[PDB]
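Understanding the architecture of this molecule
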Amino acid sequence: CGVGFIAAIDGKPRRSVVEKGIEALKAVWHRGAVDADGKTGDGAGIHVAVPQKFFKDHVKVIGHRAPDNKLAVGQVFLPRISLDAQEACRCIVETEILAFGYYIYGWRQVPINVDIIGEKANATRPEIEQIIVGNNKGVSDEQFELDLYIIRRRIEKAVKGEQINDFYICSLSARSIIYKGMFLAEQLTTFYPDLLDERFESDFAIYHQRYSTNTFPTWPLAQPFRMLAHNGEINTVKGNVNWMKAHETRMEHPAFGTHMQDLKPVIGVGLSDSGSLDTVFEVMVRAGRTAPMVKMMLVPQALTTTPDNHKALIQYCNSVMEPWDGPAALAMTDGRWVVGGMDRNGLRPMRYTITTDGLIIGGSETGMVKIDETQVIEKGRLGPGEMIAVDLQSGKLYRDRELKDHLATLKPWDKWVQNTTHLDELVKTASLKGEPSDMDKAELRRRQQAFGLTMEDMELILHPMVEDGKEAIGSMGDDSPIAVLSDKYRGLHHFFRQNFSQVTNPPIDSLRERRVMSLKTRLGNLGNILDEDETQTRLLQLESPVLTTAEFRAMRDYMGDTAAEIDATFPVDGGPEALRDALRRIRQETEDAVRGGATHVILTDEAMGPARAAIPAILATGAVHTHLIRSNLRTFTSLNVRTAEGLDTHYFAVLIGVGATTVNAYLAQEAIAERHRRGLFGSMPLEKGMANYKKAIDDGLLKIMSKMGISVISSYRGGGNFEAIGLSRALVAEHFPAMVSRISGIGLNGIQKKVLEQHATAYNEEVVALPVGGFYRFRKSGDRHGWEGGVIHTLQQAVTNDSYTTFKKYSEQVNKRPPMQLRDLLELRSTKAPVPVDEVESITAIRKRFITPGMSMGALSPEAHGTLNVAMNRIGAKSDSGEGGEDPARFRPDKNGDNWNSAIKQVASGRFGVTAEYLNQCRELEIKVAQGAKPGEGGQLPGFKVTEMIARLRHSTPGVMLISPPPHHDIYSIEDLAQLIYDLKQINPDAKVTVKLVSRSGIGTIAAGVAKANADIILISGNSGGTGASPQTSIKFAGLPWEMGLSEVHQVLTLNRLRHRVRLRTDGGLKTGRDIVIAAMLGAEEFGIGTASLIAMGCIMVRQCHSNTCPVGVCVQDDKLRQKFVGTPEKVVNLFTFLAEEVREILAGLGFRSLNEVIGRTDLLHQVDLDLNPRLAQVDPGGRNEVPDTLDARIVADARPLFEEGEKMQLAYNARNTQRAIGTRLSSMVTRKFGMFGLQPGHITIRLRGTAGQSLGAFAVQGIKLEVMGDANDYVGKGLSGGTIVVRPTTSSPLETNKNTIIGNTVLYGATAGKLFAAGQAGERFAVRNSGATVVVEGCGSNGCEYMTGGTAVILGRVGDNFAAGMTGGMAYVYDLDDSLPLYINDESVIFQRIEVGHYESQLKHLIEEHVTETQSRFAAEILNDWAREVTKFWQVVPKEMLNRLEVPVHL
Ligand SMILES: Cc1cc2nc3c(=O)[nH]c(=O)nc-3n(C[C@H](O)[C@H](O)[C@H](O)COP(=O)(O)O)c2cc1C
Ligand SMILES: CS(=O)(=O)CC[C@H](N)C(=O)O
Ligand SMILES: O=C(O)CCC(=O)C(=O)O
Ligand code: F3S
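Rules and cut-offs
Residues numbered from 1 in each chain as written, not as in the entry; some residues may be left out. Chains lettered and ligands numbered in written order. Heavy atoms only, no water. UniProt positions renumbered as here; feature names shortened; annotations may be inferred. Helix = DSSP H or I, 4+ residues; strand = E, 2+ residues; numbered from the N terminus. Rg over C-alpha atoms; globule rule 2.2 N^0.38 Å. Buried < 20%, exposed > 50% of the residue type's maximum accessible area, 1.4 Å probe, protein only. Core = buried A, V, L, I, M, F, W, Y, C linked by side-chain atoms within 4.5 Å. Contact = heavy atoms within 4.5 Å. Axes fitted to C-alpha atoms, helices over the stretch in contact; angles between N-to-C directions. Left-handed = near helix turned anticlockwise from the far one by under 90°. Salt bridge = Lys/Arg side-chain N within 4 Å of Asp/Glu carboxyl O. Near = heavy atom within 4 Å. Polar contact = N/O pair within 3.5 Å; in protein donor to acceptor, adjacent residues only side chain to side chain. Areas by Shrake-Rupley, 256 points an atom, 1.4 Å probe, with all protein chains shown as cover. Nonpolar A, V, L, I, M, F, W, Y, C, P; charged D, E, K, R; others polar.

- Structure determination for the deposited model, as stated in its record, used X-ray crystallography, and the stated resolution is 3.0 Å.

- Per the PDB entry, the protein chain goes by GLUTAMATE SYNTHASE [NADPH] LARGE CHAIN and derives from Azospirillum brasilense.
- For this entry, the PDB record gives the title as "Alpha subunit of A. brasilense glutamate synthase".
- Recorded in UniProt for the protein chain, the comment headed Subunit runs: "Aggregate of 4 catalytic active heterodimers, consisting of a large and a small subunit."

Structure representation (structure tokens):
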């Protein structure tokens, strides 16, 4: 994959612009899935100017006369198999161009060579044909495209009405034309020779290859699109899409004249995300807005450093259009400008070079197209939010600032912005004036009972919010029933699961990166995206959809005649259809209101009473919002909800994203008060009370959002980002935005019945106390759980006394209950007579398919951890190190023969103990993208668990907390995954690689991509798995059952013929023989067993894993407490032995003599309402994935002496952007023979001219040194491990070392040792997570030194926003010539001072010296020359938590 762009700064056409454009496309294949087929690829494209010589001649050769104007071309994919349709297609195409009365010189079959296409693709190949049009009407450049645009839509529309498939017009303008198709980019020129003609000349270019979650090639989905080309993904798409359904309700502009209606819907069916973007971007530009304005209105930068002009503008946009978020490198152009742009988080690479010849070449990597250093005038990149551009009419280049300057210039942004009413202060005022409360406990209690609330609810969850202003953290998995199956009133919000993101895009850090996020809310800002007038700022604005009963009324008053209140409630005397008609009613009443003139709606349960049940706020909000959309009305109101049932963060999230503008949990502020008048909060005023509550819910949301990288509530709102488990298809469709509900579930009639039942509970008689509740924990009360006391005892009894009979009694205890989980709804019947048990496969055999999941050293006691490693190795199975290091002492068997080393090592966001030697002490690497306990997010390890041993392991700082970054920093998109897997397979030639993913609908597809990315195993984790520490909403609301995700992967992978390329594993609550058989039949080959293995080691399931108070030594770092541990290998081994025997017992009954004979065999399962079909369906009823060599292949060959004799060596080689992971293999080899540190620095040194591609020197141990004279791309020294890497411009380059980029992003991610020197600037997230590498570099993008925990980080230059966020431990100095660092640095955990002590001043000096020595850097050398005055300019950045720990104090 890639996007790229090229432009002649002067405006004047050239052939090289196209030849370069090809050139690029020939250097991206190293980033894609190569087929063994040699031909098949996902899509490539080049968007250049229609070449008027070439075309005109053509018209001449047929013997017409060339017009004076520009001649248009339509580039069109016709149906290729039904001639009947091609015609219909061409009549339509002609008719439409005809009624605008332009002129047709006529069709031209495009030459192409289908030999380089694969069959899959030739299959779906359309018939490519050009049609040539002339501007007989003598209109203007601008009018021609405008008209053509209305024409293309007209066609597009008619073909649709005709119901014609496969028709598609890539381009149809007289400025631009697109040559895209499904074939390898390196072969664009082969499939389309026109491109090789010298008449193809052009002032600009835009190329793009693409990847996919597929094996199927659609042609129209290859890019570039008509104005756009996108690398990334736009996670906020359904959000955007539904907004347009309303944005459109009002869009009207005069340029389309009477055409608008043909103009809608601007987004047709079947578009890819980017495709939909281009769609919108286009209309906007067709109506007048420049390119750069549009990038902004749609992919605005974050309004955190910023001039005030810009801020105005931004604020303007944000008020018109809600962003289109997701990682995004974009290459754009309206007719005149050409733009390179970034998403608001700089999520994708985008280097660029400027030449003496007056060209700019935009890129994704950098070595992408030869250019002589000699003619380089600059070497840049884009950072979050920036653009760079060219105005081809004036042949002027604008860098970000200067370009943004320009747009600020266009209008009185501020004066206009000043037109908004921020009703904030007005609202805060009334709160301080006193959050009221008007119910008597006798009431609170009874309503509360209506929505089935409890003490656990009040104590466990509400309280901490009020107190700490933070939400409840907890531990152990979610073992309760899944709500539909529940026995006990659960509220709608229970069935909506929060979606989150896995490999497609990364989730954000809402702590360390809160500045880019946002919760602004606006009532009445929905008018003409098409307009550009100040009247667009006239709207009210909150800063949280969240309102305390005080603030709420504040607002509701300011509104007034303008608001309308709808009674979300229904009679109980009602009848079987009570709630239905209720839902109609509300729907209608809101209609009338809005029509009637109303501008705000207030939906509410307030009139709930003994005679009226409340309509489930969630259902009521959706029913309303949707119908509102469905009648083009939502654009006229704000929709605000008052809910008695609301209480936690989740409930807000759902409400909001199913419509809600504003929410007020009124009966909870109440419940807060009552608590407060028994002084449960102590001194603290009820007002500060709410304040906190509110922050907890605000950060609440910001989080839930970040789980699918979304930075902003307006796109999130109404986007329906949930998945419904349990409610009926029909329903979910009827009333909420689009969401999946893969098995229908209950419907209104059930909902009604349950709502009312709980109701009687609370108005049928007195209520002094809520029940206790046993949702977050087993009480011997109502809610059941998997793990309950009896069950735990019996199991313990069983593995301790070693009786299989006791085991069997446990599992029976377990299997004889009411269904609690989906698998529980299946029977296993077969058609074979039974077989004798002896005959089946053996336990030895079976238990080997079992593994003990990754549970970190930290989360668990050292004793527990190694216990597990011993058990697994004893029975020839495998265990998983876990998110947190593994001690290397452990790399040998002990006198007793026991083996503490673990067979599968993880690799997760904060790369904990990740070392060349760690990565090499195993048979398998598990890329942890996610756990079912907390999908969207990333591990926690409370500070008081960060023992010293722990801290030593992890290179973290003692007793300081370890919260991990939710996304991996080197996996922002699937190609990214792809490359990690490559490095992984490079540093360790023997291991298989796994990808831990978490079930959720859509996993299937990703699953595929993972497969194309060379993963060997894929593991789908259930929603219910365990965690040592994790917020409770994720434990109860993120994730989906494995029975759904595991089949989906089984199916989809099968459906694309990849299902044999990868092995499948699953975990999530598997405690029993049958749980394991059923998982096999659904497709699994391996099963993971954690918690139950913990319980055998003794866990009693008391849930204080986060607390460091383990009654039993399982999950606790405390010494005394660790002495109460009685786990034993022998115990765990017994657990597995039983499990397998119980598996064999079952297979025999089924007539099978082995597990393999039953994988995938879903015909053996019958579901004994929900629709379990989609899970049972069969698609077609009736070593390791190896990888390509790299430079290392030769380097190694050339190093015989190294390994053979010990010699020292110096090698030289060129290097291209296309060579990845250079050295890594070397490193694996060296680490294996001499170990990370048995070689003295520089022992084997390899100079490289040119460009290093991703992962340069990744995992290099000491002894290796790489000099890259030239430059590099992302991830230099990723996981650096005591090796050394240096990078400087070519002796001959005339560039100013420090004013130019030289290495990409996420450099030194997670390193632990070694040095890195860089004559130049580095891009985003430099030194992220560095845990002990020393570096020197002349500058650095934003988010630098983030989450760093060790090492020294010098920095000869300016530094990006949010520097040092979460930087708990190492140190960075920072030459700052403008005393600006103050404006960029992220305070929170760090401080800066000028050097005072002189050993710190000396430390710096020596590095900088090294730097120079290695890099021959002038600018550096000069700082050395004026040390005196200069030292004065740096700034010591030192972590708070490091102040008292530091041998030599930093002060005095
Ligand atoms: C205490 C504990 C620690 C865990 N630590 C990790 C971890 O370090 N890395 C990881 O990728 N998943 C981790 N997990 C999840 C397990 O690896 C596995 O996905 C899940 O535990 C199995 O769920 P089951 O508990 O119902 O047996 C942890 C889970 C628990 C309960
Ligand atoms: C190379 S790419 O993976 O960024 C593809 C981009 C886009 N989401 C698409 O489906 O075309
Ligand atoms: O130990 C850690 O860093 C993480 C452990 C974890 O996140 C979990 O077990 O839920
Ligand atoms: S608190 Fe974890 S619950 Fe198991 S580990 Fe101790 S009993």
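With respect to the overall build of the protein chain
- A tally of helices and strands in the protein chain yields 46 helices and 51 strands.
- The globule rule puts the C-alpha radius of gyration for 1452 residues at 35 Å, and the 32 Å found for the protein chain is close to it.
- If you line up the protein chain on its principal axes, its C-alpha atoms span 95 × 90 × 80 Å.
- Every one of the 1452 residues in the protein chain was classed for burial, and the buried ones make up 67%.

Comments concerning the nonpolar core
- Ranked by size, the top nonpolar core spans 217 residues in total, and within it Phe496, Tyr693 and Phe736 carry the most contacts.
- By residue number, the principal contributor to this core is helix α38 (residues 1129–1150), which donates 11 residues.
- If near-sequence neighbours (up to four positions away) are discounted, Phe496 is found in contact with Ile618, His650, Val654, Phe722, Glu723, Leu727, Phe736, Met739 and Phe1037.
- Counting 118 residues, the second-largest nonpolar core is a separate cluster that includes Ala8, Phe77, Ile117 and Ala408.

Examining the packing of helix α11 (residues 308–320) against helix α12 (residues 400–409)
- Packing of α11 against α12 brings their axes to within 9 Å, and their N-to-C directions diverge by 65°. Crossing handedness for the pair α11 and α12: left-handed. In contact with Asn309, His310 and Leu313 of α11, α12 contributes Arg401, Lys404, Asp405, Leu407 and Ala408.

Brief notes about helix α17 (residues 549–559)
- By the criterion of burial, α17 is predominantly enclosed, with eight of the 11 residues buried.
- For α17, the set of buried residues is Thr549, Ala550, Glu551, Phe552, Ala554, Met555, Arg556 and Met559.
- Once α17 finishes, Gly560 follows within two positions and takes phi at roughly 95°, a positive value.

Things to note about the pattern of salt bridges
- A full pass over the atoms with the stated rule returns 97 salt bridges.
- A salt bridge links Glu443 to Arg447; its shortest N-O distance comes to 3.8 Å. Here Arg447 and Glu443 lie together in helix α15 (residues 442–450), a separation of four residues that amounts to about one turn.
- Note on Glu443: relative accessible area 22%, which makes it partly exposed.
- Residue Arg447 is classed as buried on the basis of its relative accessible area of 13%.
- For the salt bridge of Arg585 with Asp567, the shortest nitrogen-to-oxygen distance reads 3.9 Å. Highlighted residues: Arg585 in helix α18 (residues 578–596) and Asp567 in strand β21 (residues 563–567), separated in sequence by 18 residues.
- A cluster of three or more residues bridged by salt bridges with shared partners is formed by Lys878, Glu924, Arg1059, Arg1063, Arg1065, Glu1085 and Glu1086.

Description of the site of ligand 3
- Near ligand 3, the surroundings consist of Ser856, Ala859, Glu883, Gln931, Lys934, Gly939, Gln940, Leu941, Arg954, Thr1027, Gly1028 and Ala1029.
- Backbone polar atom of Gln940 to an oxygen atom of ligand 3: 3.4 Å apart, as the coordinates give it.
- Between an oxygen atom of ligand 3 and a side-chain N or O atom of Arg954, the distance comes to 2.6 Å.
- For ligand 3, whose free accessible area comes to 310 Å², the fraction covered by protein is 94%.
- Per-class residue counts for the shell around ligand 3 are three nonpolar, six polar and three charged.

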